[PDB]
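Note sheet for the following structure.
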Amino acid sequence: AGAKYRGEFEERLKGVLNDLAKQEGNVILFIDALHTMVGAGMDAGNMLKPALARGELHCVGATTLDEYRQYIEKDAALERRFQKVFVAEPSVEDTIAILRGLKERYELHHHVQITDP
Amino acid sequence: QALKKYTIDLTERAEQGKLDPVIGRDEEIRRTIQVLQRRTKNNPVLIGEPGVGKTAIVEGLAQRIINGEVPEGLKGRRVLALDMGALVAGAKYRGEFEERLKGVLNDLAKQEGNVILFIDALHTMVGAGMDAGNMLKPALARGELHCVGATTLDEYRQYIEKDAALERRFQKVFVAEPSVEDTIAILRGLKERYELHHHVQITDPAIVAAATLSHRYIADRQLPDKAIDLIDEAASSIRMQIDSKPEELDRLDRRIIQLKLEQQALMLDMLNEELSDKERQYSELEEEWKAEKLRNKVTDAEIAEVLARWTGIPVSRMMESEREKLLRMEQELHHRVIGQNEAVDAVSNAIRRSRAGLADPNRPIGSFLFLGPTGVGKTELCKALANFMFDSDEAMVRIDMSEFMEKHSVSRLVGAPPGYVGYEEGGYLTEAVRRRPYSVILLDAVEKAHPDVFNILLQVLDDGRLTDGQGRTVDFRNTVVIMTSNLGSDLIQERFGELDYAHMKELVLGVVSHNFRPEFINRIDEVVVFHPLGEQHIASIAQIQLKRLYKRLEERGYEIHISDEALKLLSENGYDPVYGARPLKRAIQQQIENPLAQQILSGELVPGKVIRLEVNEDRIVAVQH
Amino acid sequence: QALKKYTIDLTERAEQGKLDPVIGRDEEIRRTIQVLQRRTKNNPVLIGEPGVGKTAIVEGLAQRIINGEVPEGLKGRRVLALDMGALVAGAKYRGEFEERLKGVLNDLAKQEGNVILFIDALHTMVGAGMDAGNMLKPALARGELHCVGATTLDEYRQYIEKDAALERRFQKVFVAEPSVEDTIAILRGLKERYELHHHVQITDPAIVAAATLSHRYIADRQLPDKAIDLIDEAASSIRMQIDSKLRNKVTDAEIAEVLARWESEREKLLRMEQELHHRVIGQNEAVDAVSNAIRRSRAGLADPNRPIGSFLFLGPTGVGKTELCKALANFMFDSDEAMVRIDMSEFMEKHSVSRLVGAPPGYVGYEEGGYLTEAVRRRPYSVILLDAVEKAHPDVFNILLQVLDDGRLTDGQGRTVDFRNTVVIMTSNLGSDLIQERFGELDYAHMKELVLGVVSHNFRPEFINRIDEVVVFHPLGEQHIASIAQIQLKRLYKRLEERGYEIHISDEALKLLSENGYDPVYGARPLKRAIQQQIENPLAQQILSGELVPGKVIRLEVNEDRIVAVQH
Amino acid sequence: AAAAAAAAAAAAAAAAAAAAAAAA
Ligand SMILES: Nc1ncnc2c1ncn2[C@@H]1O[C@H](COP(=O)(O)OP(=O)(O)OP(O)(O)=S)[C@@H](O)[C@H]1O
Ligand SMILES: Nc1ncnc2c1ncn2[C@@H]1O[C@H](COP(=O)(O)OP(=O)(O)OP(O)(O)=S)[C@@H](O)[C@H]1O
Ligand SMILES: Nc1ncnc2c1ncn2[C@@H]1O[C@H](COP(=O)(O)OP(=O)(O)OP(O)(O)=S)[C@@H](O)[C@H]1O
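Shown next as structure tokens:
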């Protein structure tokens, strides 16, 4: 949003990557939609692939198995920095517990009450 | 500002009352409001297959904001239809579009959640020219936007539901195609609006007939748009009839100016009686127009006239010319196919049932299987039907079912599945019927086909619809699916003597049961069974062929009289009960057309005189006197 | 640099020594030196399944360069590696693959041929929309390219052996999957790096246990990839167990835990009689015979070109013959789903054989395939079931002799269908009344010998020569089939307890259920369908009326001739 | 003052292949 030059957004990306190298492993990063970083539009995924294959990246991905299988596993260095860390669907009871975690949130927003049955 | 320039309010025009009445949609407006004040995944988006009133729902939303039937949390709200192209039309420099978008975002934040944003056709603003969608996406992912979308499910799938980063900011507000009674109510309110437009009168049985006819026939567009288009074109028709004169005087006006131009082009006739009779008829109808001093309401018959001149199905009033032409349709099928009573009976009764409205609206009109040996006129009857109904032999879907002898020329008659070589050219059958829903489909010689083409014909003669490879569906239910065959030729030529029609039909029906699929024969409308021709039938056919031979040489500049003995020579030389009426045509071709053209290209025969085709001993001789 | 866009220097980290100390695969490195030291056609390709350490082959070559272990033509080189997955994924329109490609070619022309490139997935180079064969094939023939190819033989001959001009430059180097002991040697070469990383120790018996169990149980990823994965994740689990709130050595117990989650083999083979009586009552001698045959197959004395066991089955059908095959498939290999029920009642012709083995090409059932061999090819560890083998055409027995002799069978499509991992079950009922009417107090062995002589007069002697043992399948009494009906009631109560109903039964009701469809002529499944159709249909009729409540005790009390359900 | 460049827009198509069969 704050960038409009081909070499200012990339300048920001390079500077943040040099700062990630500067922080020396204390930063453990997260970036969802890694396939979107592969196809954002030098695209940013192949720009961070040196930070993959230079021993500096502590980032975490998040996507569907289709994009991980096609846009990541079929690539080589993008394969050998990751695993098939599968997010499971929770149980119904776990879902009810999480609903109990945020029942009061929705109730205090909408000024209503929520029955546990 | 910026909103005063690059947006268009709707609530002002609804406050000015310029927008149309919106009737019904109570559940849809209610769930629109429910999603609209939802905390997370805030922004609704309408999903509606094209026409079902997505824009009408947002117009009715703004009308209820002015009517104050919204809850108290939604009063004072404004709906600003973001004009996609009006942003673009000045952004000649770099990023000025992005400046306009960011400024619109800043002023919408300055309105502080008191303005609902309406973005029609959200799939246009998936990428609206990094460029637009990812710029709104942080303002999406802060809860600080009241965006409202409306797009057809194809585009919401293939442009929006692909991007899983966007589905967590929208909501399938799925509009459905309305029912016919909802369509009745919508048309009553819009009847009030359109009678205020045209200064005409629209009847309520014409409303319910427009709804039922629009649902039954035009299978392409979706409700309630097509009913509105029927009503509106009919209103234009009635106002034009009020304006100049009724259309029968306009028929005669264009006819007499046609014959005026062609009479001036003639400065042999076939012309005098037509022009005199239609000048008389124009004078009589101008007198009747003065005497009634007309149409000034909208009946359902006007709706039928608009629907007929739009699709092509004759739904209109059965005028006297149609009744006369229909009892003459029995008479004229015997004028061109002489003999073979049962076929003319079957097809005549089928088209009479179809014009009387008694046809089952879930099948095609009448689906005939023709039997009988070669050249008792099977294809001649089908050509007679198309040349009655459309007044051309080749105005028909001829499907030569002996080209489909592979399993996989169903690709020809239906279409290519997607991505393959000729995909965007449909089939022959499916395309040529979706162009013209009322036409006669001749599947010529069905028994030569590969037997899993009868699957396609099972679906056709089952329900009159078919799923071509481009995904769509065809409305076959105004077509006549005539097939031909000869699968009992030895048997019919054997036992047409000493057996009545029921036993003949049942026996050859058993033979056909051995040939076809037993699933398929019961699904047929009617299996008519033919018979070889007798010598007087062949004499009649010889007279018809001699009529067209006289017409061929009347073009050239010659006239023929025939003798009376020579027709017996044709009737005996060109005769056997085994190969139909074609040895007659070969015998005519040889025993007349060879010496005649032989002597004309000699220069022996002379124009202007009479070619009296008299007899030799066992030949046919031409003379000139 | 554009080298700082898509290339990876491995001489960089190898000069630093910061890569894998690659041990093994010396001969493949040697043949890479053979191809790279030619004058022309200097682009070797590596062939094997993905995950065989081809990147490690290139890195070990780089380490031999840094160590000076190469001849004097390979020195000063720079190991590079080009992406084949970003030159197309970035390529929007005409000439963005080719633009980057020519930019790479000219910037390597600046490098003056002192550069070795790696490329994986040589099949990807052929099809990308033309693309790169027409632009690298000159450099393939110019010799200025020093590529290192890497793909698999099947994609190689599908895409790349089409164009022989692309084929003539690259030189095939087969890199197979390493053995378990080669995996041991590599991991012993790499146990030091692991133990210097996590500051722990590693049990080498757990290493060889991990290698053996990874070779046996899991075939998703292969050696050496799966061993690295299992060792590193087990070391991570041990590291969390240390840093949770105690051993540094990773044990084989954690290996088996991550194995099954993320040993019951040998004595389960030894206790196979108990295994067959885990679900099947009766047929004790047949159980003993099957278990002895299984153990003799696992004894490892028979022909390594012959299957597990040749069998012919006789007796009254439906009594548990198929049920024996199901439990046999369960406690043999996996479960009740590796089996193919085949009726030999159909096959009585020559086109019967053309159906069951495979059609010749150009004919009706060709890529529809053989009825047997395709199902064998899908499930290579199953149990083959045959039904009414006396109803077969006689030439099918030639195919059966090929099964029991060679353990393999060329189908109609022309390939090898191995049979040394399945069980041939062939069922018949020729000596039915010989066993049924003489079930009383006659032994297993002499009844077997008598019906053996009978079937010897029936079938071919050379056919039953190959059969190891024909079990009798004596008709089970009312107590065994009543117990089977009780087990069906137990699994019925299990499914209704999944629905959630406390259900009891009368013992007279149990006797009437056992006497519904008992028949020595047909099998146990008449009793099954009888009890099923009697109980199930009025049950839900009572349920969806709104009568039954989950938690109510449901005693299956008797009527005068029926069974009524109560709600107490 | 940028001008929107007209593109090249590479496309794609496919093609099936039948197979007859003898019927012995
Ligand atoms: N419930 C309704 N009440 C009144 N008029 C309606 C109703 N539904 C549809 N209409 C009319 O039919 C038109 C079709 O509505 P639209 O939402 O425009 O259809 P559409 O598929 O969205 O076409 P677009 O996408 O707006 S260009 C409306 O503009 C109204 O004129
Ligand atoms: N009743 C009839 N009236 C006029 N022409 C007829 C009649 N019966 C037969 N014909 C002749 O039929 C010839 C061929 O027409 P077709 O309908 O194709 O023949 P058909 O015997 O109906 O069967 P097929 O299968 O088409 S060969 C024409 O050239 C006509 O001369
Ligand atoms: N001899 C060896 N010495 C040390 N590590 C080895 C050896 N052989 C293989 N490896 C390792 O085994 C792993 C295999 O990974 P890859 O090199 O990616 O396999 P590959 O053969 O290149 O196939 P793909 O398609 O790239 S997964 C790597 O971590 C290598 O370091």
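Chains as they are written, first to last, in PDB author numbering: chain F, 247 to 287, 293 to 368; chain E, 159 to 287, 293 to 430, 441 to 466, 527 to 858; chain A, 159 to 287, 293 to 408, 527 to 543, 553 to 858; chain S, 1 to 24. Note that CB positions come from ideal geometry on N, CA and C, so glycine has one too.
* Express the C-alpha separation of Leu329 of chain F and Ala302 of chain F in angstroms, rounding to a whole number. => 11 Å
* Asked: Taking Cβ positions, are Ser718 of chain E and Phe601 of chain E nearer each other than 8 Å?
  -> no
* Beta-carbon neighbours of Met283 of chain F, restricted to chain A and to distances below 8 Å -> What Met283 of chain F touches in chain A: nothing, since even the nearest Cβ is about 12 Å away.
* DSSP-derived helix/strand/coil call for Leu846 of chain A -> strand
* To do: Please work out which residues of its chain come closer than 8 Å, Cβ to Cβ, to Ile187 of chain A, disregarding the five sequence neighbours upstream and downstream, and give them in chain order.
  => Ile215, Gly218, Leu219 and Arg222
* To do: Kindly indicate if chain S contains any beta-carbon less than 8 Å away from that of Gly652 of chain A.
  => yes
* Selected residue, minimal CA-CA separation from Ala775 of chain A, among A:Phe753, A:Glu324, A:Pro816 and A:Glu658 -> A:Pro816
* **Residues of the stretch 176 to 197 of chain E with Cβ closer than 8 Å to any Cβ of chain F, in chain order** => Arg197
* Bridge partners - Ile715 of chain E, DSSP secondary structure assignment -> E:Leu675
* Going straight from the alpha carbon of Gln822 of chain A to that of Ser804 of chain A, what length do you get? -> 12 Å
* Asked: Quick one: complete beta strand (DSSP E) runs, 3+ long, within the stretch 321 to 384 of chain E?
  -> 335 to 337
* To do: Measuring only between beta-carbons, confirm whether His568 of chain E sits less than 8 Å from chain S.
  => no
* Beta carbon proximity, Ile166 of chain A to chain F, threshold 8 Å -> yes
* Label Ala23 of chain S either buried or exposed according to how many other C-beta atoms from any shown protein chain fall within 10 Å of its C-beta, with 16 as the threshold for buried. => exposed
* **Alpha carbon of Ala390 of chain A to alpha carbon of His361 of chain A, nearest angstrom** => 17 Å
* To do: Would you kindly work out how many angstroms separate the C-alpha atoms of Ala249 of chain E and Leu266 of chain F, rounded to a whole number?
  => 38 Å
* Asked: What number of angstroms, rounded off, separates the C-alpha of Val246 of chain E from the C-alpha of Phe255 of chain E?
  -> 6 Å
* To do: Enumerate in chain order the residues of its own chain whose CB-to-CB distance from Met638 of chain E is below 7 Å, with the five nearest sequence positions on each side excluded.
  => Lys681, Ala682 and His683
* Asked: By how many angstroms is the C-alpha of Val284 of chain A removed from the C-alpha of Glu185 of chain A?
  -> 28 Å
* Give the secondary structure of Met629 of chain A by DSSP, where H, G and I count as helix, E and B as strand, and everything else as coil. => strand
* Quick one: list the residues of chain E neighbouring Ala16 of chain S, beta-carbon separation under 7 Å, in chain order. => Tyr653
* Asked: Beta carbon of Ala855 of chain A, beta carbon of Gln832 of chain A: below 8 Å?
  -> yes
* Asked: What three-state label does DSSP hand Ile277 of chain F in the structure shown?
  -> coil
* Asked: beta strand (DSSP E) containing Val744 of chain A: first to last residue?
  -> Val744 of chain A -> not in any beta strand (DSSP E); alpha helix (DSSP H) instead, spanning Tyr734 to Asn748.
* What residue from E:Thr314, E:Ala464, E:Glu535 and E:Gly271 has the CA that sits closest to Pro208 of chain E's CA? -> E:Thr314
* Asked: With a cut-off of 8 Å, does the C-beta of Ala4 of chain S fall near any C-beta of chain A?
  -> no
* Per-residue burial, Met629 of chain E [other beta carbons within 10 Å of its own, 16 or more giving buried] -> buried
* May I have the straight-line CA-CA distance separating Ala583 of chain E from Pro597 of chain E, to the nearest angstrom? => 11 Å
* Asked: Is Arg222 of chain A close to chain S, meaning its C-beta is less than 8 Å from at least one C-beta of that chain?
  -> no
* To do: Just mark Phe621 of chain E as buried or exposed, buried being the case when its beta carbon has 16 or more other beta carbons within 10 Å.
  => buried
* Please work out which residues of its chain come closer than 7 Å, Cβ to Cβ, to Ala649 of chain A, disregarding the five sequence neighbours upstream and downstream, and give them in chain order. => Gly655, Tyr656 and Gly702
* Asked: Which whole-angstrom value is the C-beta distance of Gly243 of chain E and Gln195 of chain E, which I expect to be below 8 Å?
  -> Between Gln195 of chain E and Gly243 of chain E the Cβ distance is about 30 Å, and since that is not below 8 Å, they are no contact.
* **Three-state secondary structure assigned by DSSP to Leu204 of chain E** => strand
* **beta strand (DSSP E) segment containing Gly306 of chain F, residue limits** => Neither: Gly306 of chain F is in no beta strand (DSSP E) and is coded neither H nor E.
* Asked: So, are the CB atoms of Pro810 of chain A and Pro765 of chain A less than 8 Å apart?
  -> yes
* What is the rounded straight-line gap between the Cα of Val237 of chain E and the Cα of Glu355 of chain F? -> 32 Å
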